[PDB]
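Colleague: fold the following for me, if possible:
(chains A and B, ligands or ions: 2)
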Amino acid sequence: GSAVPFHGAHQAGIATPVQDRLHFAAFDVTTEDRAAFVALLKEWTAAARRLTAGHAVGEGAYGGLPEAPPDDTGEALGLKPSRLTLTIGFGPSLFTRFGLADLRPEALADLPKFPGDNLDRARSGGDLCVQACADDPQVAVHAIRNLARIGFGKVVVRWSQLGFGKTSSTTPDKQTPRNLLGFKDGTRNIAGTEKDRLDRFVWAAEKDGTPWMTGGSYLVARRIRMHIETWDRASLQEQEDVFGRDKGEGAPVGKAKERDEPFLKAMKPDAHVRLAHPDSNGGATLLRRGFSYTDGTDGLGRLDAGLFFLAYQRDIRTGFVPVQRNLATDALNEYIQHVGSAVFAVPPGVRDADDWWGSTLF
Amino acid sequence: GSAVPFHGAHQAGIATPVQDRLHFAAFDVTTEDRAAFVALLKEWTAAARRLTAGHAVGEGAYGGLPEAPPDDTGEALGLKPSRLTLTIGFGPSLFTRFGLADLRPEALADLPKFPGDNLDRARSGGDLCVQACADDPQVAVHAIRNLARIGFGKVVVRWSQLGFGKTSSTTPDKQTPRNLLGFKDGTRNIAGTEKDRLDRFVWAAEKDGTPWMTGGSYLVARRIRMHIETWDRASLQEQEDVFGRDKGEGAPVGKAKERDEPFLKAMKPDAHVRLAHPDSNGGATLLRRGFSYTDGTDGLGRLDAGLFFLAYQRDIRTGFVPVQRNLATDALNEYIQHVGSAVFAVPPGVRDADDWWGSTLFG
Ligand code: HEM
Ligand code: HEM
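Modeller: Numbers count the residues shown, from 1 in each chain, chains lettered A, B, ... in the order given. Ligands and ions are numbered 1, 2, ... in the order given. Right below this line is the structure:
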C-alpha cells in the first residue's frame, strides 16, 4: 500500500516495479504563452508530490471556504498511495511551441508507417503525456482527473487509456503477468536492479547529443487491438507456435522452466520471441511496460480488447523502430492490429522539492 | 476473504460484500432452440463453479490435445478467486423466446421514460446479463470473456461495462467508498447482515405472483454520466447542498458523524438524500450495488466518467421506479445524465452441484 519516491535522477514509473493499474492521458496544449506553460508544469509538479504521497492537492478536498470549489476533487480520500507514480513526457508536436524547435531530441524520432497499421488519429499523438500507474485504479484516475482540472484553460485531454491489468515486468523475482491472449508477458525485459542494462538501453546520456534529456528516456505507446474471436479458435499448438513459448509455464519451446534462456533456432522462423529477441535485432533491447485494456464491444456482438503497449528506450531509432520492423513477418500479426500510436521524450527526474517537471528543457 | 461460495438459496453477488471491481455484460440470444439454450445455461453454471473457485473452465487452459483450442483462455492462470461472484439475470426480451412469453414476471416492469433520460439504445437492454464482481479486474474480465466464448453461437455480447472502483456498500462495518464526485456513497443502504430487511425489500417471495422467481431479485442498471468539469467548478457548499451531507465526513446536515441518521427538514428541498430517502418514498428502499467508470474522453477534451448504478429490489415497481421518479427535481440532475438502462429478473440461487442457472424457469 506504500509509496514510491517521487524525486530522483530519473522519473519514477519506468524502472520502478510495474504496478497493477494504468491511467494514461495524452494532452494537447492550448496556450501559446511559455510562461503560463512553465507555471503549469510547476503547479503539476507540486500536485504530483502530494498525490504520490497519498495527500490531497492544494489546500485539500474539504474544509476550505464554503464558497470556493475544493482544490482536490476528493475521490482518493481514504485510499493509500498505492505505489502511485506520475511520469510526464513531451511529444514531438510540443516542440513547435514556445520557441522549442531546436531542442526537439533527434532520438525522439517519428515512427514510420508499419504494415498493417490502422491508426485512429484522434487516439494517437499528443503534445504531452502523463502516465499514472498505481495498484488502485481509483488512485490513478484521481491523479489524472486532478491534473487535467489544474490544467483547465492551458491543456486539454486529447485521448486517454485505462489499463485494467499489467502485461509487463521490471521484477523477474516476482510472478510474470498474463496478457489477454493468456500468455505471460514480461519474462525477458529489463529489471529495475539491472543498472548497467538500464544505462545501456533505457536512459539517455549527455553524449547522445541532447543534454537536457540526460537521465530521461523515450517512450513509444501503441494501442494494439487483439482479434480475440480469431485467437480463441486457434489450437493450443498454433498459439504456442505464434510465440515460441508454451502457454502454461511460458518456457521457451523445448524447455521446462519460464526463465530458461531461449534457443531461438528451435522456434518457428516467424515466432514473436524469435523476431523480437535482442539477438535478432543487433542487440536492440526494450523496457516494455504495457497493460491490458477492454473498451466495450465492437457494436457487433463481441468484446473489444487489446494491449496498450508501452516501451521505454534510450533512442527510438535503436529500440522500438528496428524491433517493430523485424515484426513485419510475425505470426502474431494474424491476431493483432495497431490502432493508436504516440511517441514522447520523458525528461530526467525531479531532483528535489525545488525542482519541476521539464526544468532541464525550459 | 479469498472466495465467496457460489451455491446458495440466493445467487451470490447481491447481499454478499461488495467487491472492488466489476465487469458487467448484457447478452442477446441468437439461438431459437430452447434445448440449446438450456444446454448453455448448464455449461455456464459448470464454468461459473470453476471460475468462482479460481479454477480454469473445462479441462483447463493448457495440457490438452495440441490440435484443440484450450477450454479456458488462460488469462486468470496464477491469479486468485478474488471473491469473484457471477450473477445472472434475464431481461424482458428473453421471454419472447422459447415459448416463455407468459412467464415474464409482473415485477419485472419496464421502466417509464424519466425526465432528462438520454438513453443510448445500443448500451441499454439485453436478453440476459452476467454481473462479474471481484477484487482483481482481470479475474472479472476473464470470467466474462470465457462466458462469452462458451456462449458464442447461442448468445452475443450486446454491451459491456467495466467498473474500476465500487460506489456501494453491503458492509457498514467497513469504510464507505467514494464516487467520482468525491462523496461517500453507500452509507444508508441495505447490508448483507440485515436478513429481514433483505426478505422485505430485496428477495422475491412465492406469493408475490411469480413462483419461479422465489429467492431471486430484480435488477435495475443505469449508466449515469457525470458532468465532472461542471461539478468541479461548483463550490464546496454547492456540492454539499446537492446531497444533504458534508463532503469530508459525509454526515447529514447538522450532524457530526457519517452514520448519524439524517434530519431531512434541514436539507434543501431538492437535496438528493432528502428525495431518495425511504421516508420520502412511501418506505421504498433499495440495495444499491454500483461502481464508478471511465471510458475514454468525451468528444471534446474532457475525461468521460460516471457511475454504473445497480439496484436490487423485490419489485421494480415498488423499488427503483418510485425513488427515481422522486428524483425528477433533484439538485444532482444538473451534474448527471442517465445514458444507458436495463432491467433483469435475477433468478434464485444454484442450490447444489447438480443445479443450474435458470432451472426454476425452464424446469
Ligand atoms: C498485443 C501485442 C503483443 C503481445 C500479445 C506480445 C506478447 C509477448 C509474449 C507472450 C512474449 C514472451 C514473454 C516475454 O515477455 O519475454 C513477448 C516477448 C517480447 N515482446 Fe511482445 N507482444 C506484443 C507486442 C510487442 C511489440 C509491439 C513489441 C516490440 C515492438 C514486442 C517486443 C517483445 C520483446 C522485445 C520481447 C522479448 C523477447 C526476448 O528478448 O526474449 N512485443 N511478447
Ligand atoms: C451518479 C448518480 C448518483 C450519485 C452520485 C449518488 C450519490 C449518493 C450519495 C453521495 C448518497 C449519500 C450516501 C448514502 O447514503 O449512500 C446517496 C444516497 C442515496 N442514493 Fe444516490 N446517487 C446517485 C444516483 C442515485 C439513483 C439513480 C438512485 C435511485 C433511483 C439513488 C438512490 C439513493 C438512495 C436510496 C440513497 C440513500 C438515501 C437515504 O436513505 O438516506 N441514487 N447517493
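Colleague: do stretch A:169-176 and ligand 1 meet at all?
Modeller: No. No part of stretch A:169-176 sits close enough to ligand 1 to count as contact by CB under 6 Å from any ligand atom; the gap is at least 7.2 Å. No exception for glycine: its C-beta is placed from N, CA and C like everyone else's.
Colleague: so which bits of that stretch are buried?
Modeller: The neighbour-count check on stretch A:169-176 (16 or more other CB atoms under 10 Å in any protein chain shown) flags A:169-170, A:172, A:176 as buried.
Colleague: quick one: the helices in chain A, in order.
Modeller: Applying DSSP state H to chain A gives helices spanning A:34-51, A:137-150, A:195-201, A:228-233, A:236-243, A:272-276, A:320-326.
Colleague: turn these into TSV, columns for distance to residue A:83.
Modeller: As requested, the helices of chain A are exported to TSV (distance: least, CB to CB, whole Å):
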stretch	distance to residue A:83
helix A:34-51	12
helix A:137-150	9
helix A:195-201	19
helix A:228-233	30
helix A:236-243	29
helix A:272-276	28
helix A:320-326	26
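Colleague: which one of those is the most hemmed in?
Modeller: helix A:137-150 (a mean of 25; mean count of other CB atoms under 10 Å in any protein chain shown).
Colleague: contacting residues around the residue nearest the centre of chain A?
Modeller: Nearest to the geometric centre of chain A sits residue A:310, at 3.9 Å (CA atoms, centre = their mean). By CB atoms under 8 Å, 6 or more residues apart in numbering or on different chains, the contact set of residue A:310 is A:24, A:131, A:168, A:219-221, A:288-291.
Colleague: and the stretch 51-200 of chain A, which residues reach ligand 1?
Modeller: Residues of the stretch 51-200 of chain A lying near ligand 1 by CB under 6 Å from any ligand atom: A:179, A:181, A:183-188.
Colleague: before we move on, what about the stretch 201-350 of chain A?
Modeller: Selection of the stretch 201-350 of chain A residues close to ligand 1 by CB under 6 Å from any ligand atom yields A:222, A:224, A:226, A:243, A:245, A:262, A:272-273, A:276-278, A:286, A:307, A:309, A:320, A:323-324, A:327, A:336.
Colleague: ok, 8 Å please
Modeller: Taking CB under 8 Å from any ligand atom as the criterion, the stretch 201-350 of chain A approaches ligand 1 at residues A:220, A:222, A:224, A:226, A:243-245, A:250, A:262, A:272-273, A:276-279, A:281, A:285-286, A:288, A:290, A:306-307, A:309, A:311, A:320, A:323-324, A:327, A:332, A:335-336, A:338.
Colleague: among those, name the buried ones.
Modeller: Using 16+ other CB under 10 Å as the burial test, these include A:220, A:222, A:224, A:226, A:243-245, A:250, A:262, A:272-273, A:276-277, A:281, A:285-286, A:288, A:290, A:306-307, A:309, A:311, A:320, A:323-324, A:327, A:332, A:335-336, A:338 as buried.
Colleague: can you put the residues of the stretch 51-200 of chain A next to ligand 1 in TSV and add distance to ligand 2 and neighbour count?
Modeller: Below are those laid out as TSV (distance: CB to the nearest ligand atom, whole Å; neighbours: other CB atoms under 10 Å in any protein chain shown):
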residue	distance to ligand 2	neighbour count
A:179	33	25
A:181	35	25
A:183	38	24
A:184	39	23
A:185	36	23
A:186	37	24
A:187	42	18
A:188	45	19
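Colleague: bridged to residue A:156, which residues?
Modeller: Residue A:156 forms beta bridges with residue A:28, as assigned by DSSP bridges.
Colleague: and it, how far is that from residue B:299?
Modeller: Separation of residue A:156 from residue B:299 (CB to CB, to the nearest Å): 11 Å.
Colleague: can you pick out the most distant pair from the residues of the stretch 51-200 of chain A next to ligand 1?
Modeller: Between any two of these, the greatest separation by CB to CB is 16.9 Å, found for A:181 and A:188.
Colleague: who touches stretch A:254-271?
Modeller: By CB under 8 Å, 6+ apart, the surrounding residues in contact with stretch A:254-271 are A:172, A:176, A:184, A:187-188, A:241-245, A:249-253, A:273-274, A:277, A:279-280, A:329-331.
Colleague: and the residue nearest to the centre of chain A, bridged to which residues?
Modeller: Applying DSSP bridges to residue A:310 yields these beta-bridge partners: residue A:221.
Colleague: residues from the stretch 251-362 of chain A in reach of chain B?
Modeller: Counting by CB under 8 Å from any CB of the partner chain, the residues of the stretch 251-362 of chain A close to chain B are A:292, A:294-297, A:299, A:301-303, A:305.
Colleague: nearest to chain B among these?
Modeller: Using CB to the nearest CB, the shortest approach to chain B within those belongs to residue A:301, at 3.1 Å.
Colleague: how many other residues sit next to that closest one?
Modeller: Residue crowding around residue A:301 was assessed by other CB atoms under 10 Å in any protein chain shown; the count is 16.
Colleague: for it, which non-adjacent residue is closest in space?
Modeller: Spatially, and ignoring its direct neighbours in sequence, residue A:301 is nearest to residue B:156 (3.1 Å; CB to CB, 6 or more residues apart in numbering or on different chains).
Colleague: follow-up on the earlier one: neighbour-wise, which of the contacts of residue A:310 leads?
Modeller: Within those, most neighbours by other CB under 10 Å means residue A:289, with 30 neighbours.
Colleague: contact partners for that residue?
Modeller: By CB under 8 Å, 6+ apart, the contact set of residue A:289 is A:14, A:18, A:168, A:170, A:310-312.
Colleague: dump the residues you listed into a markdown table; add distance to ligand 2 as well.
Modeller: Below are the contacts of residue A:289 laid out as a markdown table (distance: CB to the nearest ligand atom, whole Å):
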| residue | distance to ligand 2 |
| --- | --- |
| A:14 | 36 |
| A:18 | 32 |
| A:168 | 34 |
| A:170 | 38 |
| A:310 | 32 |
| A:311 | 38 |
| A:312 | 38 |
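Colleague: from the residues you listed, which ones fall inside strands?
Modeller: Of the contacts of residue A:289, the ones assigned to strands by DSSP state E are A:310-312.
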